[PDB]
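These notes concern the structure reproduced below.
Note on naming: letters A, B, ... go to the chains in the order of the sequence lines (proteins, then strands), and numbering restarts at 1 for each one. For ligands, and for the atoms within them, numbers begin at 1 and follow the listed sequence. All heavy atoms count here, side chains included; hydrogens, waters and symmetry mates do not.
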Amino acid sequence: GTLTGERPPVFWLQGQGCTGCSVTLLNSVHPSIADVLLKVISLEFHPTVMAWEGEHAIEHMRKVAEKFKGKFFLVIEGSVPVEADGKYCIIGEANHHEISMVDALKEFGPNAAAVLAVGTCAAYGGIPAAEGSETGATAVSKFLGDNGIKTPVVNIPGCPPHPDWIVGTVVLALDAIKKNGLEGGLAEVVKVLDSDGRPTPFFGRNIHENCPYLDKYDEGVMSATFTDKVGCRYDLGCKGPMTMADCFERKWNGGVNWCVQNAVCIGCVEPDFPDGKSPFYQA
Amino acid sequence: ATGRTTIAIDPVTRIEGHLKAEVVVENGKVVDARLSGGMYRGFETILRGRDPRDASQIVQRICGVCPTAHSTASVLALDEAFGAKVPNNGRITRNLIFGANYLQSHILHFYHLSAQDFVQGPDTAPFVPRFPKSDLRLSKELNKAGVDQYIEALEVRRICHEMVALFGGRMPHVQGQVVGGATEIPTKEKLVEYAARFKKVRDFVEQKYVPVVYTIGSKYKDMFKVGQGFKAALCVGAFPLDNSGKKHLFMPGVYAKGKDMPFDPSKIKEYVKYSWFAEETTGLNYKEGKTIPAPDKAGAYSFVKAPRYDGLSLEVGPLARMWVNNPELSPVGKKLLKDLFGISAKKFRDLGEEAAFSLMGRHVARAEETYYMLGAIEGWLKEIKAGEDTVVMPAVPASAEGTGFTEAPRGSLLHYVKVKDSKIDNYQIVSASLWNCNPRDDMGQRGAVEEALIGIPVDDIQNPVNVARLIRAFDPXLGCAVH
Ligand code: SF4
Ligand code: SF4
Ligand code: FCO
Ligand SMILES: [Cl-]
Ligand SMILES: [Fe+2]
Ligand code: NI
Ligand SMILES: [S]
């Protein structure tokens, strides 16, 4: 990219998120986050990093949205809570009127080129939707479907996702759009999503079947303490067998470690995370 | 000469999480304030019924900026509840994991959250548009230094997360801290890798970050004269320096009404009159805490509970810890206080109460604390023993309780767990931004930031920049505050 090149507008809305999906993106190595922001996208609204504030920030987003109706990308971080008329997530106020996450997704969702549901919360409900919750935390695709909103959704899950999954999915979509236009390009992206809406370049391979400890698993050689790095981690709770992600190869944080080497995989990219992956520390 | 204007800011940006601030301005100054945390998830109810060991993963998702703090408080609570005796080398390894995120978090806060309060960024989103009269006072050269350092800091904070991940597995959301210690013994090779990254971070902190905070501060000397609030602080202790549980890098204490006092955790109570929780749950200590949402309750304005310490409204964070502990100032700080401010100082309290408890004083304290943490990490790198075991594997108890106390980058954090029938019966969290960004208590006394907003200047109601500047000095994360 260049400072002077074409960069599509992006709005980043946080619902019931922890900001971990923003922080993981800040950790991108190649390209760096500076290059992403200055050369790849135009991040027009993002409450954690943007210059302006309050109603002015909301109105700026609305002005860009009108100019780029049908053409902006909408990133959602966190789940969307529907209970109590949306009151468990208020994202802004304008004109003396509060804006819930429910309101915001109904407003901007219909007019986005595509919605990128970043993180397991947005993709599948995640921890805010888990047993013991009471906010009506809802995944993006289900919320949009329930409200008749047909805009395409791409899920980029993980808790958090790896930065390469987020940036790489953006790069994949922008490439498809460059070659085919918006509708043709999004059709090419949909073709490479699995049944859970995830791009197969990043989520098309199972961790366990590619794990360096697979021989130990097949031999029944299991570590009894976390600090034994020779044995397989299955008895300690590893969920690699049920998890579709490429962590075994790209690893984390500049390649310095990953969950299976350090401890166990907790299946964080899967639609049943956390309840279907718990307890974390037994099989 | 002017009357009232009431100003609402939602979202407050360049913080973590969902915050609305509403201030009453009369005659050019804030005279009242209300802070509203507008998003709730309910971790304290989600946790119930689970295997207690799961908590040290679940709790980190309270907040992806400070997950190591929640991990630490959780494993300390579980250690106590399980009777787990963490090996000495695991104690040190935990400190290396967590300490690296203090560096990440303070650098993120000053550059990527706060610096745009004083620095104009490049002419493209997300750096524009902004207030037409943003009160950006820096020369062309110093503004450019701020931008150049913002950009460099993006790399430095990423390197800090590589440091976290070396023994923590990944970041955000470490895998490497569990009940009983740390899951990966440091090897000689990975300790080399941690030290090489740490040197780059140290050089940035010493040469760029600490100097730029004092230098920008010297162009905003008026910002040391506002934001005092109650001038009352809390520290609960953090970073155990031996296995006794009695010695910590930051020692506990309370400061209020000009007096140092001991910290007794039994004096914490959480009030809810102005919070969206059932009225019957008001006034509980965390060991008996309850979390019953009431989003329609009349008069309430926040999902943050109102914690009070023996009735006092206190603040937490770097200022609190540095004031309570009064360490020596960094060599850089001493020199620049003299050269740019005409101040002769040796220890942190030599700034004086008024300047320390101020908008810019909180930025200074955070920079000084970052430098202070460098020395702690260097010490742990000398103390750690490559190859020595870092974990024990304790059985889950049927019935137990435990409390973990630490200091997150933004201030005091505790987690309390009660186990019954080998499952979580109650789990209560009292976090840093809870102490700072809470609403009024049942007696009408304001939270720390609400009170620190009193007196903030708003000489231009169309460009009321100092309201959110004050808020950002406290480095709020509303995910932590509400959970
Ligand atoms: S259970 Fe986990 S550690 Fe064992 S082979 Fe499978 S993915 Fe690897
Ligand atoms: S190894 Fe498992 S828990 Fe770790 S990031 Fe990959 S999918 Fe998530
Ligand atoms: N730092 C941090 Fe998070 C907050 N506030 C906690 O505790
Ligand atoms: Cl932290
Ligand atoms: Fe709490
Ligand atoms: Ni936090
Ligand atoms: S945080």
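B:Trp380 has its ring centre less than 6.0 Å from the ring centre of B:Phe239. Aromatic ring centroids of B:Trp323 and B:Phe357 lie under 6.0 Å apart. Here the two rings, on B:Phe303 and A:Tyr88, have centers that are under 6.0 Å apart.
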Could you give me the CA-CA distance, side-chain angles and deciding distance for A:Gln14 and B:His18, then say whether side-chain hydrogen bond (donor to acceptor under 3.5 Å, both in side chains) is met? CA-CA 8 Å; A:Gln14 294 169 332; B:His18 294 293; 5.2 Å; no
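Atom NZ of B:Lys297 sits in a crowded spot, with more than 12 heavy atoms from other residues, nucleotides or ligands closer than 6.0 Å. Few gaps surround NZ on B:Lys423; more than 12 heavy atoms of other groups in view lie less than 6.0 Å from it.
Nearest N, O or S atom of B:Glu44 to the Fe ion (ligand 5): atom OE2. Looking at B:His483, its N, O or S atom nearest to the Fe ion (ligand 5) turns out to be NE2.
Paired with B:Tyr427 under the rule side chain to side chain donor-acceptor pair (under 3.5 Å), one option of B:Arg48, B:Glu44, B:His415 passes, and it is B:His415.
Within the 2.8 Å limit, B:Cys480 places at least one N, O or S atom next to atom 3 (Fe) of ligand 3. The distance from atom 3 (Fe) of ligand 3 to the nearest N/O/S atom of B:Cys66 is under 2.8 Å. Metal site remark for the Fe ion (ligand 5): B:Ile429 contributes an N, O or S atom at a distance under 2.8 Å. Between the Ni ion (ligand 6) and B:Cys66 there is an N/O/S contact shorter than 2.8 Å.
For ligand 3, the polar-atom distance check against B:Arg410 finds a nitrogen or oxygen pair separated by under 3.5 Å.
With ligand atoms numbered from 1 in the order given, ligand 3 contributes 1 (N) to contacts under 4.0 Å with heavy atoms of B:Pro409. Heavy-atom contacts of B:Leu413 reach the following atoms of ligand 3: 7 (O) (cutoff under 4.0 Å). Near B:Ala408, with a cut-off below 4.0 Å to any heavy atom, the atoms of ligand 3 are 1 (N), 2 (C), 6 (C), 7 (O). Interface atoms of ligand 3 facing B:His70, defined by a heavy-atom separation under 4.0 Å, are 6 (C), 7 (O). Heavy-atom proximity to B:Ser433, at under 4.0 Å, picks out these atoms of ligand 3: 4 (C), 5 (N).
A cation-pi contact links B:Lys305 to B:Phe277, judged by a cut-off of 6.0 Å to the six-membered ring centre and 45° from its axis.
For B:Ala69, no heavy-atom contact with ligand 3 is shorter than 4.0 Å.
Salt bridge B:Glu407/B:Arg321: present, at least one basic N to carboxylate O contact under 4.0 Å.
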